[PDB]
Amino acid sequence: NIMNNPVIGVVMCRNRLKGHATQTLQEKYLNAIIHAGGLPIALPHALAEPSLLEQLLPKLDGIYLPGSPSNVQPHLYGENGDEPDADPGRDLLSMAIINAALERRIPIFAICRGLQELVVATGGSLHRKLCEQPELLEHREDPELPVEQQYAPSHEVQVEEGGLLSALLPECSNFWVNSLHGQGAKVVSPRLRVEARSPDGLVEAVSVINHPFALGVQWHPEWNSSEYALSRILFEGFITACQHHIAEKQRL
């Protein structure tokens, strides 16, 4: 691309490899940003410190919340108990950087866990076990199938008109998405607008009202994003918003 590439801050996840706590970022989340024209930089959880975060935000043109096997701690939306696979450090950074980016009108694109981070950060709640709700489809992947089958198309979603997805996808009101999540949106705050739903009524995409571009999707558009026309448009729209944010940063 003949392009100045906006700086995209990518929230990392925590893992432990060979005896050491490690900050990680899957390459497929990176490849999708690159293909769309972004300049990604990975953000460790230590940056959640307020004095460091305030110094970094002016240098970020967009915030990128990847998915992850971990689930948000239930106490962050007022519930008791725990769930398997927690990442309290990512929770800390995600909540802080979302709230900061929403006040600074920095574009946000959130995937799977990121959407759930968006819902919780703005006052919503999550279903902790979608499989325990009889009215819903099976939104989880089959973990014993190979990776390619896990990210294959799983169910359809229907776009709710009047939001970001309608502007980005004028023709498509309905399309196929993959599904790899055992948790999902339960209560969505009035600060958020519903963007799409699976045929069982589950919210699969949201966006922040009165924000230029704060979009979350429950599926995984980063999966071979260059090969999927719909995934390409979503990342293209995110980068275009960051370009607009750069241009808007000189009309303040």
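Counting begins at 1, following the sequence as shown.
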Between the two ranges 62-70 and 48-56, the one averaging a larger CA B factor in the entry: 48-56
Mean C-alpha temperature factor, higher of 226-234 and 21-29: 226-234
Residue selected from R113, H155, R90, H75 by maximal Cα B factor: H75
Candidate residues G182, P134, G123, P107, the one whose C-alpha B factor the record puts highest: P134
Chain thirds of CA B-factor: placement of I97: middle
Cα B factor band for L118 (lowest, middle or highest third within the chain): lowest
Cα B factor band for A241 (lowest, middle or highest third within the chain): highest
Chain-wide C-alpha B factor ranking for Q218, given as lowest, middle or highest third: lowest
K186 - which third its CA temperature factor falls in, relative to the rest of the chain: lowest
